[PDB]
Amino acid sequence: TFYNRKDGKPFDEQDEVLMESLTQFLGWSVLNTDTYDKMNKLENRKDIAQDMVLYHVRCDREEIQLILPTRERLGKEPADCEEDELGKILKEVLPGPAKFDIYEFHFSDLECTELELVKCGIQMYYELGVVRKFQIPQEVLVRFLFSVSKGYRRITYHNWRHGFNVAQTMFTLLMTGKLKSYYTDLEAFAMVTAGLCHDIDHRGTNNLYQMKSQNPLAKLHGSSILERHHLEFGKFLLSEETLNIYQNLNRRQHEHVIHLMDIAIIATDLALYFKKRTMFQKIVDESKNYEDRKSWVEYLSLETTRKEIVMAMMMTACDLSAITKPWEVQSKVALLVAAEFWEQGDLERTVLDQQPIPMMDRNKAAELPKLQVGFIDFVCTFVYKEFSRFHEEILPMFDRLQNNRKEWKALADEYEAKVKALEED
Amino acid sequence: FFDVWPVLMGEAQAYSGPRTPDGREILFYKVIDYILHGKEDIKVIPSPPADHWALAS
Amino acid sequence: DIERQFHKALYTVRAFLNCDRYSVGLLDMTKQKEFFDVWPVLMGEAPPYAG
Amino acid sequence: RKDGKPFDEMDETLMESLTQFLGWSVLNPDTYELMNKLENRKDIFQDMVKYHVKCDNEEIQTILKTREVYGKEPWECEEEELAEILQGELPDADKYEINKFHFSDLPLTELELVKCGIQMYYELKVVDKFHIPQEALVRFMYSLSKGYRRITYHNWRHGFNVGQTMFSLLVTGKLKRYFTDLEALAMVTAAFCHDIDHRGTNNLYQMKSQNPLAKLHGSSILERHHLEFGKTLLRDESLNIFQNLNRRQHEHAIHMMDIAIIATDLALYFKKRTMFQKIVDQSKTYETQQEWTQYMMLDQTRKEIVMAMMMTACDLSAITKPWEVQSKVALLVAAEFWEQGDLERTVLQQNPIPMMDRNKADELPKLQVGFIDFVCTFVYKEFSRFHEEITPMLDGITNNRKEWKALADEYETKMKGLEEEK
Ligand SMILES: CCCc1nc(C)c2c(=O)nc(-c3cc(S(=O)(=O)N4CCN(CC)CC4)ccc3OCC)[nH]n12
Ligand SMILES: CCCc1nc(C)c2c(=O)nc(-c3cc(S(=O)(=O)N4CCN(CC)CC4)ccc3OCC)[nH]n12
Ligand SMILES: [Mg+2]
Ligand SMILES: [Mg+2]
Ligand SMILES: [Zn+2]
Ligand SMILES: [Zn+2]
């Protein structure tokens, strides 16, 4: 309502148009004031869902009592303790460095329960010699590597055992292949930690089914759909009190490790490896012409770009190490992987109504020895040969890989001979 | 639901005032007024009384 | 999206702008690229931008 | 330009204003991207919680034992052999006295309560009439079992006792006459999930700390959350027990469940008491007639006012138990208040209410005779006139009250004696 003009004259035709265009514009402008409320409700719903997720993947008061058995030796709860008091309890409960031989290349895990692996994992964080230097509180360490344990799903292959095996292989490379010389302690902390969270919430289907099924994952991200989902969940986990093992670091170191973790996690996508594989061979060749081993250290430990290309290759050399183990574990891991492949094939044929490809067809389960052979020639045989020419301590991996290839090819030949024999009549 | 019960049980009376052409009830919950002679005196009212110098007419 | 909004706001005012032809071009807003695209430059391939 | 003459000032200002407006109007296309990212992130995080509160393929072999007897997976069986396989698993309604007012679940494991909740549906004769499947029912019960938290009081043990009491009212108190079978099913299945995913704090602590719950909803913050989560659970295939209902019946069941769940809030009970007190009194004027029967069950407002009172009498049923159970339950219910006191003392730096701080640990009995006098003595009185068969509950409270009173007086003397002589 407008109540009086200043000239003295009454309102007329022009004033109605002038004061009606304004109200038409302001009436049309309420779209933004509606969108505002819609966004303010979506945000709250997302926060509530995040909290409900967080509750189910943490350690309650009665769950950590299975690892550090306080409340019996002392009257106080884990939270009301002194740092040196908990060390005495932790020393006597954790397994020794030489009980489970975690310093070898042949460590098999299927002879231990799912609770032992957590204690071995937190032992590894003491072997590096990193808890004292940065002063990470010792309750947070246990709670974190128990939450990560409960974070994985429960499926055939991509479960907690794979996540522990990758980290163990990376630790073995760091402390037995002597690749520790090129990196400082801070750049190994964030590699061993980033080895435990590389497949943290795997559904059980590769990146192609995600695009062919219009999962909400395929619209949020555009390239390397799954590998970017494992990173934000991990950074959400280690971003809260009682699980933040990075709180005692200062600003620069925290920024450095957070920048160094995403490269390691995203580098596990096989497609990126094929494209940026040549650049590693040039570094390998440049290493040769130098005079001595020691001099090469002082050159490599300074250039930054060249170290990242080596880390992003150690991550792939670790992610598929299950092919280099003795022929008592490979014969089972192969079938474990085949199970997941057949399950994805069944889902493809049942839901979206297409024909699965020969790789994922449950019927033709007799040509498995053949396909595997091709895999060894297609992807594995390069990463390991290059690392063998780089350092000399990583040769057993290569010879065991050769032996496994021989075995698989022998089985494939036998199967093909039987098939040809059956067709004679 | 807990507001339509008293009406259906004889506790209160149905509405009898004016209605907006799409059925809603007419009640103002804010009134912004400007004075531009002498003083700027901008004002906001959280709930207008029954007799404001604008709604009274 | 931006492309539709400009193509609905410029089509309605043909008459008021008495001109024969007019055109609009849209730039790209990507400041910093990923890590796996910078590497080929810092290692001696694909010489840097010059424009 | 279409006149043959060059551009000048008056054609610069016009096209400068046009481009200024177009430049300002780029706010809208960005919010489109922000919306289309927020929605997808919400969908991902809401699908992550459905894996943790659902019964997977294993751990359902602890009730339906199909592998050992048949050798095939549950989804391959028929409607028969499944009723047969679960016939011998479920308990018997007589041995455990499922439909009495004195049922106590202290010496029972959590797995048995699931198999009693499954039996309750068979007792009402609802499975066959509406053709609900079996696997869906069993998965639903086990999922509700896993959906509660592990806090001291509001756990699954409180979610079973508030459904058993309503079953007992609908079968032993003979309140089933007013309701059809569909409404009975809806009420029984909305009594189990009335307090689901309860954090452990009342509605004031949600407003003080500005939790995200306090912003999305405006009044009765926690009940709307319970309802929304329950309905989200009910809308998943392999967990949906409403697969074989037409649109009308499904809508009616959802509406009844909605009205039932939000009526268990104490702030809506103090204002809707006189209406019930009048509905009870007008029932006597149909004298010498047990055939009034809610005007032959044609009225609809009264059938929706009786249900709310039934829910708010089932919720507080713990006070009407024998003394040897109430004595143990009172400490559990006090522990949560004591725990909330510490959080609101430390996080907000505020002095707690005397019922919350541990320092009045000896003042517990006194408060327990205020509550009984204030909130939960009216309801069990009025029902006692509405029907007579639910009299044994009205006695219960009275007995309990007496005991509490005596205890309080003793404490008083202890406090009275020491102060005077000192
Ligand atoms: C993504 C699978 C990673 C993997 N880890 C292990 C230990 C194994 C293994 O033993 N065998 C296979 C494996 C790999 C192929 S492949 O060479 O066709 N391969 C090409 C690359 N693409 C990229 C998405 C995948 C398919 C075929 C069959 C395979 O195993 C069948 C059990 N894959 N595999
Ligand atoms: C949690 C409240 C509902 C409840 N269920 C049971 C079985 C019990 C019980 O035994 N005792 C109490 C209970 C109730 C009160 S109260 O009367 O002060 N009360 C007023 C209403 N407000 C909410 C609007 C809550 C506080 C005080 C103390 C109580 O228990 C102390 C052990 N409450 N209670
Ligand atoms: Mg992966
Ligand atoms: Mg409640
Ligand atoms: Zn992996
Ligand atoms: Zn309750």
# chains A, B, ... in the order shown; residues from 1 in each chain; ligands from 1

$ residues_around --residues "range 357-371 of chain D" --least-positions-apart "4" --cutoff "8 Å" --atoms "only C-alpha atoms" --output "list in words"
residues 337, 338, 341, 342, 352, 353, 375, 376, 401, 404, 405, 407, 408 and 411 of chain D

$ select_by_dssp --residues "chain B" --states "helix (DSSP H, G or I)" --output "VMD selection string"
chain B and resid 4 to 8

$ residues_around --residues "residue 201 in chain D" --least-positions-apart "2" --cutoff "9 Å" --atoms "only C-alpha atoms" --output "compact mmCIF listing (two decimals) with C-alpha atoms, in the first residue's frame"
# COMPACT_ATOMS: atom_id res chain seq x y z
CA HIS D 198 16.81 -43.25 19.96
CA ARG D 199 20.00 -41.36 20.79
CA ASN D 203 13.54 -33.04 23.31
CA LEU D 204 15.10 -30.16 25.28
CA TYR D 205 18.72 -31.22 24.78
CA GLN D 206 17.99 -31.31 21.05
CA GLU D 336 19.96 -42.23 31.42
CA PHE D 337 18.98 -39.00 33.18
CA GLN D 340 22.54 -36.71 30.25

$ residues_around --residues "range 16-32 of chain C" --least-positions-apart "4" --cutoff "10 Å" --atoms "only C-alpha atoms" --output "JSON, numbers by chain"
{"C": [2, 3, 6, 7, 10, 12, 38], "D": [1, 2, 3, 11, 14, 15]}

$ closest_atom_pairs --of "chain D" --to "chain B" --cutoff "8 Å" --atoms "only C-alpha atoms" --output "Markdown table"
| residue | atom | partner | partner_atom | distance |
| --- | --- | --- | --- | --- |
| D:259 | CA | B:1 | CA | 7.9 |
| D:275 | CA | B:9 | CA | 7.9 |
| D:301 | CA | B:5 | CA | 7.3 |

$ interface_residues --of "chain C" --to "chain A" --cutoff "9 Å" --atoms "only C-alpha atoms" --output "PyMOL selection string"
chain C and resi 35-36+39-40+42-43

$ residues_around --residues "residue 32 in chain B" --least-positions-apart "4" --cutoff "7 Å" --atoms "only C-alpha atoms" --output "VMD selection string"
chain B and resid 43 to 45

$ residues_around --residues "residue 97 in chain D" --least-positions-apart "3" --cutoff "12 Å" --atoms "only C-alpha atoms" --output "list in words"
residues 91, 92, 93, 94, 100, 101, 102, 103, 104, 105, 116, 120, 164, 167, 168 and 172 of chain D

$ residues_around --residues "residue 15 in chain B" --least-positions-apart "2" --cutoff "12 Å" --atoms "only C-alpha atoms" --output "PyMOL selection string"
chain B and resi 4+7+12-13+17-19+23-26

$ write_last_selection --atoms "C-alpha atoms" --output "compact mmCIF listing (two decimals), in the first residue's frame"
# COMPACT_ATOMS: atom_id res chain seq x y z
CA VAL B 4 -9.24 -30.71 13.69
CA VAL B 7 -13.96 -28.73 15.99
CA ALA B 12 -14.87 -24.93 19.31
CA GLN B 13 -16.43 -23.11 16.34
CA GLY B 17 -13.77 -14.94 8.24
CA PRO B 18 -12.67 -14.06 4.72
CA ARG B 19 -10.91 -16.57 2.50
CA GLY B 23 -9.14 -21.45 0.37
CA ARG B 24 -6.52 -20.26 2.85
CA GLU B 25 -7.33 -18.07 5.83
CA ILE B 26 -6.31 -14.42 5.77

$ atom_distance --atom1 "CA of residue 424 in chain A" --atom2 "CA of residue 367 in chain A"
19.4 Å

$ residues_near_ligand --ligand "ligand 5" --cutoff "8 Å" --atoms "only C-alpha atoms and all ligand atoms" --output "PyMOL selection string"
chain A and resi 158+162-163+166+198-199+268+319-320

$ write_last_selection --atoms "C-alpha atoms" --output "CSV table (one decimal), in the first residue's frame"
chain,number,residue,atom,x,y,z
A,158,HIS,CA,37.1,-57.3,-1.2
A,162,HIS,CA,42.7,-57.9,1.3
A,163,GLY,CA,43.0,-54.5,3.0
A,166,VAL,CA,48.0,-54.7,0.8
A,198,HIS,CA,42.2,-48.2,-0.4
A,199,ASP,CA,39.0,-50.5,-0.8
A,268,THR,CA,45.2,-47.9,-7.8
A,319,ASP,CA,47.6,-53.8,-4.8
A,320,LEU,CA,47.9,-57.0,-6.9

$ interface_residues --of "chain A" --to "chain D" --cutoff "12 Å" --atoms "only C-alpha atoms" --output "VMD selection string"
chain A and resid 29 31 to 33 35 to 57 60 to 62 150 to 155 201 to 203 214 to 221 229 232 to 233 236

$ residues_near_ligand --ligand "ligand 6" --cutoff "12 Å" --atoms "only C-alpha atoms and all ligand atoms" --output "JSON, numbers by chain"
{"D": [148, 153, 154, 155, 156, 157, 158, 159, 160, 161, 162, 163, 190, 191, 192, 193, 194, 195, 196, 197, 198, 200, 202, 222, 223, 226, 261, 262, 263, 264, 265, 266, 311, 312, 313, 314, 315, 316, 317, 318, 333]}

$ residues_near_ligand --ligand "ligand 1" --cutoff "6 Å" --atoms "only C-alpha atoms and all ligand atoms" --output "number ranges by chain"
A: 320, 322-323, 334, 337-338, 371-372, 375

$ closest_atom_pairs --of "chain B" --to "chain A" --cutoff "12 Å" --atoms "only C-alpha atoms" --output "JSON lines"
{"residue": "B:31", "atom": "CA", "partner": "A:1", "partner_atom": "CA", "distance": 11.2}
{"residue": "B:32", "atom": "CA", "partner": "A:1", "partner_atom": "CA", "distance": 10.8}
{"residue": "B:33", "atom": "CA", "partner": "A:1", "partner_atom": "CA", "distance": 9.5}
{"residue": "B:34", "atom": "CA", "partner": "A:2", "partner_atom": "CA", "distance": 10.0}
{"residue": "B:35", "atom": "CA", "partner": "A:3", "partner_atom": "CA", "distance": 10.2}
{"residue": "B:36", "atom": "CA", "partner": "A:4", "partner_atom": "CA", "distance": 10.5}
{"residue": "B:37", "atom": "CA", "partner": "A:6", "partner_atom": "CA", "distance": 9.7}
{"residue": "B:53", "atom": "CA", "partner": "A:3", "partner_atom": "CA", "distance": 11.3}
{"residue": "B:54", "atom": "CA", "partner": "A:1", "partner_atom": "CA", "distance": 8.4}
{"residue": "B:55", "atom": "CA", "partner": "A:1", "partner_atom": "CA", "distance": 10.3}
{"residue": "B:57", "atom": "CA", "partner": "A:1", "partner_atom": "CA", "distance": 11.7}

$ closest_residue --among "D:73, D:287, D:299, D:12" --to "chain C" --atoms "only C-alpha atoms"
D:12

$ closest_residue --among "A:280, A:134, A:103, A:157" --to "ligand 3" --atoms "only C-alpha atoms and all ligand atoms"
A:157

$ atom_distance --atom1 "CA of residue 204 in chain A" --atom2 "CA of residue 259 in chain A"
27.9 Å

$ atom_distance --atom1 "CA of residue 390 in chain A" --atom2 "CA of residue 186 in chain A"
23.7 Å

$ closest_residue --among "D:244, D:285, D:350, D:293" --to "residue 127 in chain D" --atoms "only C-alpha atoms"
D:244

$ decode --residues "range 26-41 of chain B" --atoms "N, CA, C and O atoms" --output "mmCIF file, in the first residue's frame"
data_model
loop_
_atom_site.group_PDB
_atom_site.id
_atom_site.type_symbol
_atom_site.label_atom_id
_atom_site.label_comp_id
_atom_site.auth_asym_id
_atom_site.auth_seq_id
_atom_site.Cartn_x
_atom_site.Cartn_y
_atom_site.Cartn_z
ATOM 1 N N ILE B 26 -7.004 -15.685 5.945
ATOM 2 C CA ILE B 26 -6.309 -14.417 5.774
ATOM 3 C C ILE B 26 -5.873 -13.940 7.153
ATOM 4 O O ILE B 26 -6.677 -13.415 7.926
ATOM 5 N N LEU B 27 -4.595 -14.130 7.471
ATOM 6 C CA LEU B 27 -4.003 -13.537 8.661
ATOM 7 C C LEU B 27 -2.588 -13.087 8.337
ATOM 8 O O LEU B 27 -1.799 -13.856 7.785
ATOM 9 N N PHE B 28 -2.277 -11.839 8.668
ATOM 10 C CA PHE B 28 -0.956 -11.279 8.431
ATOM 11 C C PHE B 28 -0.071 -11.567 9.633
ATOM 12 O O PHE B 28 -0.490 -11.359 10.775
ATOM 13 N N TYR B 29 1.148 -12.039 9.383
ATOM 14 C CA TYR B 29 2.069 -12.324 10.472
ATOM 15 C C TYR B 29 3.282 -11.405 10.499
ATOM 16 O O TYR B 29 4.103 -11.530 11.409
ATOM 17 N N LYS B 30 3.421 -10.490 9.543
ATOM 18 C CA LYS B 30 4.466 -9.476 9.588
ATOM 19 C C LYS B 30 3.990 -8.242 8.845
ATOM 20 O O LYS B 30 3.221 -8.340 7.888
ATOM 21 N N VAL B 31 4.460 -7.078 9.284
ATOM 22 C CA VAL B 31 4.120 -5.808 8.651
ATOM 23 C C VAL B 31 5.358 -4.925 8.681
ATOM 24 O O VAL B 31 5.800 -4.510 9.755
ATOM 25 N N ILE B 32 5.917 -4.642 7.512
ATOM 26 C CA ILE B 32 7.031 -3.717 7.368
ATOM 27 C C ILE B 32 6.467 -2.393 6.880
ATOM 28 O O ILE B 32 5.771 -2.351 5.859
ATOM 29 N N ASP B 33 6.751 -1.308 7.593
ATOM 30 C CA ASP B 33 6.258 0.003 7.199
ATOM 31 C C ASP B 33 7.392 1.013 7.179
ATOM 32 O O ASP B 33 8.331 0.933 7.971
ATOM 33 N N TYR B 34 7.285 1.969 6.263
ATOM 34 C CA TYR B 34 8.284 3.005 6.061
ATOM 35 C C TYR B 34 7.644 4.370 6.239
ATOM 36 O O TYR B 34 6.514 4.593 5.801
ATOM 37 N N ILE B 35 8.366 5.282 6.879
ATOM 38 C CA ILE B 35 7.968 6.680 6.985
ATOM 39 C C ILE B 35 9.045 7.518 6.315
ATOM 40 O O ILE B 35 10.232 7.355 6.610
ATOM 41 N N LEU B 36 8.641 8.407 5.409
ATOM 42 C CA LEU B 36 9.614 9.126 4.599
ATOM 43 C C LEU B 36 9.484 10.641 4.681
ATOM 44 O O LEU B 36 10.159 11.344 3.923
ATOM 45 N N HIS B 37 8.650 11.170 5.566
ATOM 46 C CA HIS B 37 8.589 12.607 5.794
ATOM 47 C C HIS B 37 9.143 12.893 7.183
ATOM 48 O O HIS B 37 8.663 12.338 8.176
ATOM 49 N N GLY B 38 10.164 13.743 7.243
ATOM 50 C CA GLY B 38 10.838 14.031 8.493
ATOM 51 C C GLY B 38 11.915 13.027 8.850
ATOM 52 O O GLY B 38 13.107 13.319 8.726
ATOM 53 N N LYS B 39 11.514 11.839 9.288
ATOM 54 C CA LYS B 39 12.438 10.822 9.767
ATOM 55 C C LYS B 39 12.311 9.557 8.929
ATOM 56 O O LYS B 39 11.236 9.249 8.407
ATOM 57 N N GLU B 40 13.419 8.826 8.795
ATOM 58 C CA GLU B 40 13.389 7.578 8.036
ATOM 59 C C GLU B 40 12.605 6.501 8.778
ATOM 60 O O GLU B 40 11.731 5.848 8.198
ATOM 61 N N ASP B 41 12.923 6.290 10.055
ATOM 62 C CA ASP B 41 12.104 5.511 10.989
ATOM 63 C C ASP B 41 11.572 4.212 10.379
ATOM 64 O O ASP B 41 10.368 3.955 10.360
#
